[PDB]
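Quick notes on the structure that follows.
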Amino acid sequence: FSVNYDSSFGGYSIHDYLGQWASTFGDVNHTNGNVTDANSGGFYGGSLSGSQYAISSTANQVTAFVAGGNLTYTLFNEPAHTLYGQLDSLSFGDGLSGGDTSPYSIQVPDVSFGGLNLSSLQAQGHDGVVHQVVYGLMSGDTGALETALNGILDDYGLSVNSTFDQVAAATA
Ligand code: HEM
Ligand SMILES: [Sm+3]
Ligand SMILES: [Zn+2]
Ligand SMILES: [Zn+2]
Ligand SMILES: [Zn+2]
């Protein structure tokens, strides 16, 4: 675990930031009979595999996120539609660019986390964890993530409620 952040948010608490990233990102809306090309997503390192999954708002068109690590998907195999693997990074920013002949990247990065070590097996599925984080995110719900963030910061004397600055010191 580590954190990099645009200086603007040095004294922002993690809860606030995400609350504001999600205020604008919205609910991409990935539900039965609504999943089209817009909510799609799109990996990098396969068609349902990769070191990156990254979607962008289908509401303001620009703000987005990108989960790194090792994320194997499972479109229809038991269990149905359920991301899993080794979620390692999450970075929040605006304007998502790249991701084909090259990786996915954020044009104007606002914040980003590293070493989430969140592991989720295909056995657990829809009620797993990396699945939960990433999916919530795609729907504009940061709970799953602050919960796990608190988890990483517990063992550190902090919470998704301290300031980026605060979190920082206590890391590097
Ligand atoms: C890792 C990110 C993703 C997660 C966590 C995920 C999760 C899900 C979930 C929860 C639904 C359920 C809809 C429902 O039952 O109400 C959904 C729908 C769907 N997803 Fe994924 N998905 C993601 C990536 C993908 C990718 C890469 C595609 C490619 C287009 C895809 C295509 C679909 C389709 C079309 C359905 C609907 C099938 C149906 O009507 O039953 N998903 N996804
Ligand atoms: Sm812990
Ligand atoms: Zn800035
Ligand atoms: Zn912003
Ligand atoms: Zn912005």
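Every chain in the structure tokens takes a letter, A first, then B, and so on in the order presented; its residues are numbered from 1, and the ligands are numbered from 1 following the presented order.
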
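Those residues that approach residue 87 (chain A) to within 8 Å, counting only C-alpha atoms, are residues 67, 68, 69, 70, 71, 84, 85, 89, 116, 117, 118, 119 and 130 of chain A; same-chain residues fewer than 2 positions away are not listed.
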
Please produce a file of those selected residues containing C-alpha atoms, as a tab-separated table (two decimals), in the first residue's frame.
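Result file follows (again-v7.tsv):
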chain	number	residue	atom	x	y	z
A	67	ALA	CA	-8.41	-0.98	-11.56
A	68	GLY	CA	-5.06	-2.62	-11.94
A	69	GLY	CA	-3.40	-5.86	-10.73
A	70	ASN	CA	-4.64	-9.14	-12.26
A	71	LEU	CA	-8.31	-9.24	-13.05
A	84	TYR	CA	-12.18	-11.70	-9.66
A	85	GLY	CA	-8.48	-12.12	-9.18
A	89	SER	CA	-4.57	-0.62	-7.91
A	116	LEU	CA	-4.64	-3.13	-2.45
A	117	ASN	CA	-3.76	-6.84	-2.46
A	118	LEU	CA	-7.44	-7.55	-2.61
A	119	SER	CA	-7.79	-11.22	-3.70
A	130	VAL	CA	-12.80	-7.42	-5.77

>> Taking the DSSP secondary structure from the backbone, can you list the residues of region 21-150 of chain A that are alpha helix (DSSP H), as a ChimeraX atom specification?
In response: /A:21-25,130-139,143-150

>> Let me make sure I understand: among A:148, A:160, A:138, A:169, which one has the smallest atom-to-atom distance to ligand 2 if we use only C-alpha atoms and all ligand atoms?
In response: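 Among A:148, A:160, A:138, A:169, it is A:148 that comes nearest to ligand 2.
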
>> Which residues are near ligand 3 - at most 8 Å, using only C-alpha atoms and all ligand atoms? Format: as a PyMOL selection string.
In response: chain A and resi 6-8+108-110

Export of the given selection (N, CA and C atoms) as an mmCIF file, in the first residue's frame:
data_model
loop_
_atom_site.group_PDB
_atom_site.id
_atom_site.type_symbol
_atom_site.label_atom_id
_atom_site.label_comp_id
_atom_site.auth_asym_id
_atom_site.auth_seq_id
_atom_site.Cartn_x
_atom_site.Cartn_y
_atom_site.Cartn_z
ATOM 1 N N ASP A 6 -2.998 14.252 -6.617
ATOM 2 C CA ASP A 6 -2.909 15.597 -7.200
ATOM 3 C C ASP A 6 -2.857 16.444 -5.943
ATOM 4 N N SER A 7 -2.053 17.489 -5.930
ATOM 5 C CA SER A 7 -1.916 18.322 -4.752
ATOM 6 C C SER A 7 -3.172 19.018 -4.251
ATOM 7 N N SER A 8 -4.119 19.240 -5.140
ATOM 8 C CA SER A 8 -5.342 19.909 -4.775
ATOM 9 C C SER A 8 -6.053 19.265 -3.621
ATOM 10 N N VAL A 108 -6.068 13.411 -16.695
ATOM 11 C CA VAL A 108 -5.948 14.379 -15.603
ATOM 12 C C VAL A 108 -6.246 13.756 -14.255
ATOM 13 N N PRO A 109 -5.318 12.932 -13.740
ATOM 14 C CA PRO A 109 -5.379 12.206 -12.474
ATOM 15 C C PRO A 109 -5.701 13.068 -11.288
ATOM 16 N N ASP A 110 -6.680 12.627 -10.486
ATOM 17 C CA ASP A 110 -7.098 13.330 -9.279
ATOM 18 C C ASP A 110 -6.450 12.546 -8.042
#

>> So that I can see what lies close to residue 142 (chain A), please list as a list in words the residues with an atom at most 8 Å from it, counting only C-alpha atoms and leaving out residues fewer than 2 positions away in the same chain.
In response: residues 18, 19, 22, 133, 136, 137, 140, 144, 145 and 146 of chain A

Dump of N, CA and C atoms for the selected residues, as an mmCIF file, in the first residue's frame:
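Everything below was put into selection20.cif:
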data_model
loop_
_atom_site.group_PDB
_atom_site.id
_atom_site.type_symbol
_atom_site.label_atom_id
_atom_site.label_comp_id
_atom_site.auth_asym_id
_atom_site.auth_seq_id
_atom_site.Cartn_x
_atom_site.Cartn_y
_atom_site.Cartn_z
ATOM 1 N N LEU A 18 -13.667 10.423 -2.742
ATOM 2 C CA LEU A 18 -14.474 9.445 -3.451
ATOM 3 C C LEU A 18 -15.918 9.837 -3.490
ATOM 4 N N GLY A 19 -16.360 10.474 -2.443
ATOM 5 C CA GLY A 19 -17.758 10.845 -2.415
ATOM 6 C C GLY A 19 -18.072 11.855 -3.479
ATOM 7 N N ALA A 22 -17.527 10.046 -7.006
ATOM 8 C CA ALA A 22 -18.737 9.328 -7.350
ATOM 9 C C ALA A 22 -19.921 10.219 -7.524
ATOM 10 N N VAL A 133 -16.107 -4.363 -4.956
ATOM 11 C CA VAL A 133 -15.480 -3.055 -5.062
ATOM 12 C C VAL A 133 -15.739 -2.535 -6.471
ATOM 13 N N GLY A 136 -19.378 -1.996 -7.440
ATOM 14 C CA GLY A 136 -19.993 -0.874 -6.754
ATOM 15 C C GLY A 136 -19.558 0.370 -7.481
ATOM 16 N N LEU A 137 -18.235 0.554 -7.576
ATOM 17 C CA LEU A 137 -17.648 1.690 -8.282
ATOM 18 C C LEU A 137 -18.399 1.959 -9.582
ATOM 19 N N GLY A 140 -21.404 3.736 -8.838
ATOM 20 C CA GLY A 140 -21.311 4.945 -8.043
ATOM 21 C C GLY A 140 -21.470 4.832 -6.547
ATOM 22 N N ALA A 144 -18.085 -0.294 -0.552
ATOM 23 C CA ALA A 144 -17.275 -1.498 -0.637
ATOM 24 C C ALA A 144 -15.805 -1.153 -0.562
ATOM 25 N N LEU A 145 -15.437 -0.057 -1.231
ATOM 26 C CA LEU A 145 -14.076 0.393 -1.260
ATOM 27 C C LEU A 145 -13.622 1.078 0.015
ATOM 28 N N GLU A 146 -14.455 1.880 0.660
ATOM 29 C CA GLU A 146 -13.965 2.540 1.878
ATOM 30 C C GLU A 146 -13.820 1.474 2.961
#

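Residues of protein, DNA or RNA lying at most 10 Å from ligand 2, when only C-alpha atoms and all ligand atoms are considered, are residues 148, 149, 150, 151, 152, 153, 154, 155 and 156 of chain A.
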
Residues from the last selection, N, CA and C atoms, saved as a short mmCIF file (atom, residue, chain, number, x, y, z; two decimals), in the first residue's frame:
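Final output, selection03.cif:
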data_model
loop_
_atom_site.label_atom_id
_atom_site.label_comp_id
_atom_site.auth_asym_id
_atom_site.auth_seq_id
_atom_site.Cartn_x
_atom_site.Cartn_y
_atom_site.Cartn_z
N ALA A 148 -12.90 -1.61 2.55
CA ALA A 148 -11.62 -2.26 2.36
C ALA A 148 -10.47 -1.32 2.58
N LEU A 149 -10.75 -0.04 2.41
CA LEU A 149 -9.68 0.93 2.56
C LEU A 149 -9.43 1.03 4.02
N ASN A 150 -10.51 1.06 4.79
CA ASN A 150 -10.37 1.15 6.23
C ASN A 150 -9.58 -0.06 6.68
N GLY A 151 -9.90 -1.18 6.04
CA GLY A 151 -9.19 -2.40 6.33
C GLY A 151 -7.67 -2.23 6.19
N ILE A 152 -7.22 -1.61 5.11
CA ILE A 152 -5.80 -1.43 4.94
C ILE A 152 -5.28 -0.38 5.88
N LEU A 153 -6.06 0.67 6.12
CA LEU A 153 -5.58 1.70 7.01
C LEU A 153 -5.76 1.37 8.49
N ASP A 154 -6.58 0.34 8.84
CA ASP A 154 -6.79 -0.12 10.26
C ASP A 154 -5.40 -0.37 10.85
N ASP A 155 -4.76 -1.39 10.29
CA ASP A 155 -3.44 -1.83 10.66
C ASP A 155 -2.45 -0.64 10.56
N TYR A 156 -2.94 0.59 10.37
CA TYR A 156 -2.04 1.77 10.24
C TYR A 156 -2.35 2.93 11.16
#

>> Neighbouring residues of ligand 5 are defined here as those with any atom at most 10 Å from a ligand atom, counting only C-alpha atoms and all ligand atoms; list them as a PyMOL selection string.
In response: chain A and resi 21+24-25+60+62-64+93-95+108-110

> Using only C-alpha atoms and all ligand atoms, which of A:111, A:158, A:172, A:121 sits nearest ligand 4?
Replying inline: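 Smallest separation from ligand 4 among the options: A:111.
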
Which residues of chain A have any atom within 7 Å of an atom in ligand 1 when counting only C-alpha atoms and all ligand atoms, and what is the closest pair of atoms for each, with the distance in Å to one decimal? Order the rows by chain and rising number and write it as JSON lines.
{"residue": "A:30", "atom": "CA", "partner": "ligand 1", "partner_atom_place_in_ligand_line": "17 (C)", "distance": 5.5}
{"residue": "A:31", "atom": "CA", "partner": "ligand 1", "partner_atom_place_in_ligand_line": "13 (C)", "distance": 3.7}
{"residue": "A:32", "atom": "CA", "partner": "ligand 1", "partner_atom_place_in_ligand_line": "40 (O)", "distance": 3.8}
{"residue": "A:33", "atom": "CA", "partner": "ligand 1", "partner_atom_place_in_ligand_line": "40 (O)", "distance": 4.7}
{"residue": "A:35", "atom": "CA", "partner": "ligand 1", "partner_atom_place_in_ligand_line": "35 (C)", "distance": 4.7}
{"residue": "A:36", "atom": "CA", "partner": "ligand 1", "partner_atom_place_in_ligand_line": "35 (C)", "distance": 6.4}
{"residue": "A:37", "atom": "CA", "partner": "ligand 1", "partner_atom_place_in_ligand_line": "30 (C)", "distance": 6.4}
{"residue": "A:40", "atom": "CA", "partner": "ligand 1", "partner_atom_place_in_ligand_line": "30 (C)", "distance": 4.5}
{"residue": "A:41", "atom": "CA", "partner": "ligand 1", "partner_atom_place_in_ligand_line": "27 (C)", "distance": 5.4}
{"residue": "A:42", "atom": "CA", "partner": "ligand 1", "partner_atom_place_in_ligand_line": "27 (C)", "distance": 5.2}
{"residue": "A:43", "atom": "CA", "partner": "ligand 1", "partner_atom_place_in_ligand_line": "27 (C)", "distance": 6.6}
{"residue": "A:48", "atom": "CA", "partner": "ligand 1", "partner_atom_place_in_ligand_line": "27 (C)", "distance": 5.5}
{"residue": "A:53", "atom": "CA", "partner": "ligand 1", "partner_atom_place_in_ligand_line": "1 (C)", "distance": 6.7}
{"residue": "A:73", "atom": "CA", "partner": "ligand 1", "partner_atom_place_in_ligand_line": "1 (C)", "distance": 6.1}
{"residue": "A:75", "atom": "CA", "partner": "ligand 1", "partner_atom_place_in_ligand_line": "42 (N)", "distance": 6.1}
{"residue": "A:81", "atom": "CA", "partner": "ligand 1", "partner_atom_place_in_ligand_line": "8 (C)", "distance": 4.6}
{"residue": "A:82", "atom": "CA", "partner": "ligand 1", "partner_atom_place_in_ligand_line": "7 (C)", "distance": 5.3}
{"residue": "A:83", "atom": "CA", "partner": "ligand 1", "partner_atom_place_in_ligand_line": "1 (C)", "distance": 4.2}
{"residue": "A:126", "atom": "CA", "partner": "ligand 1", "partner_atom_place_in_ligand_line": "10 (C)", "distance": 6.8}
{"residue": "A:131", "atom": "CA", "partner": "ligand 1", "partner_atom_place_in_ligand_line": "5 (C)", "distance": 5.2}
{"residue": "A:134", "atom": "CA", "partner": "ligand 1", "partner_atom_place_in_ligand_line": "5 (C)", "distance": 5.7}
{"residue": "A:135", "atom": "CA", "partner": "ligand 1", "partner_atom_place_in_ligand_line": "5 (C)", "distance": 4.3}

> Any idea what's packed within 8 Å of residue 114 (chain A), counting only C-alpha atoms, ignoring anything in its chain fewer than 2 positions away? Could you give it as a list in words?
Replying inline: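 Here the answer would be residues 1, 2, 3, 88, 89, 90, 112 and 116 of chain A.
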
Write the residues of the preceding selection, restricted to N, CA and C atoms, as a JSON list (two decimals), in the first residue's frame.
[["chain", "number", "residue", "atom", "x", "y", "z"],
["A", 1, "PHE", "N", 0.79, -1.26, 0.00],
["A", 1, "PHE", "CA", 0.00, 0.00, 0.00],
["A", 1, "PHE", "C", 0.81, 1.29, 0.00],
["A", 2, "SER", "N", 0.29, 2.22, -0.81],
["A", 2, "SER", "CA", 0.84, 3.55, -1.05],
["A", 2, "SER", "C", -0.22, 4.41, -1.73],
["A", 3, "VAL", "N", 0.01, 5.72, -1.74],
["A", 3, "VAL", "CA", -0.92, 6.65, -2.35],
["A", 3, "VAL", "C", -0.24, 7.84, -3.05],
["A", 88, "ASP", "N", -5.10, -4.76, -7.59],
["A", 88, "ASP", "CA", -3.89, -4.22, -7.01],
["A", 88, "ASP", "C", -3.85, -2.71, -6.96],
["A", 89, "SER", "N", -4.55, -2.07, -7.88],
["A", 89, "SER", "CA", -4.57, -0.62, -7.91],
["A", 89, "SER", "C", -5.92, -0.05, -8.35],
["A", 90, "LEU", "N", -6.14, 1.20, -7.98],
["A", 90, "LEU", "CA", -7.35, 1.92, -8.30],
["A", 90, "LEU", "C", -6.88, 3.34, -8.43],
["A", 112, "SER", "N", -5.01, 8.08, -6.55],
["A", 112, "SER", "CA", -4.73, 6.67, -7.01],
["A", 112, "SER", "C", -4.10, 5.83, -5.90],
["A", 116, "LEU", "N", -3.39, -2.75, -3.08],
["A", 116, "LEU", "CA", -4.64, -3.13, -2.45],
["A", 116, "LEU", "C", -4.73, -4.62, -2.11]]

> Can you list, as a PyMOL selection string, every protein, DNA or RNA residue that comes within 9 Å of residue 39 (chain A) when you count only C-alpha atoms, leaving out same-chain residues fewer than 6 positions away?
Replying inline: chain A and resi 28-30+55-58+138

Pull N, CA and C atoms from the residues just selected and write them as a tab-separated table (two decimals), in the first residue's frame.
chain	number	residue	atom	x	y	z
A	28	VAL	N	-23.07	4.16	-13.86
A	28	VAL	CA	-22.84	3.82	-15.26
A	28	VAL	C	-24.04	3.03	-15.72
A	29	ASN	N	-24.56	2.22	-14.81
A	29	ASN	CA	-25.74	1.38	-15.04
A	29	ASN	C	-25.47	0.10	-15.81
A	30	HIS	N	-25.02	-0.91	-15.08
A	30	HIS	CA	-24.71	-2.18	-15.66
A	30	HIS	C	-25.70	-3.20	-15.10
A	55	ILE	N	-13.43	1.83	-16.92
A	55	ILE	CA	-14.63	2.28	-17.53
A	55	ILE	C	-14.63	3.73	-17.25
A	56	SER	N	-15.52	4.45	-17.90
A	56	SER	CA	-15.62	5.87	-17.70
A	56	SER	C	-17.06	6.21	-17.60
A	57	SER	N	-17.34	7.34	-16.99
A	57	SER	CA	-18.69	7.78	-16.78
A	57	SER	C	-19.51	7.82	-18.02
A	58	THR	N	-20.73	7.29	-17.96
A	58	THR	CA	-21.60	7.40	-19.11
A	58	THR	C	-22.63	8.41	-18.68
A	138	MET	N	-18.56	0.94	-10.41
A	138	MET	CA	-19.27	1.10	-11.66
A	138	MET	C	-20.69	1.59	-11.50
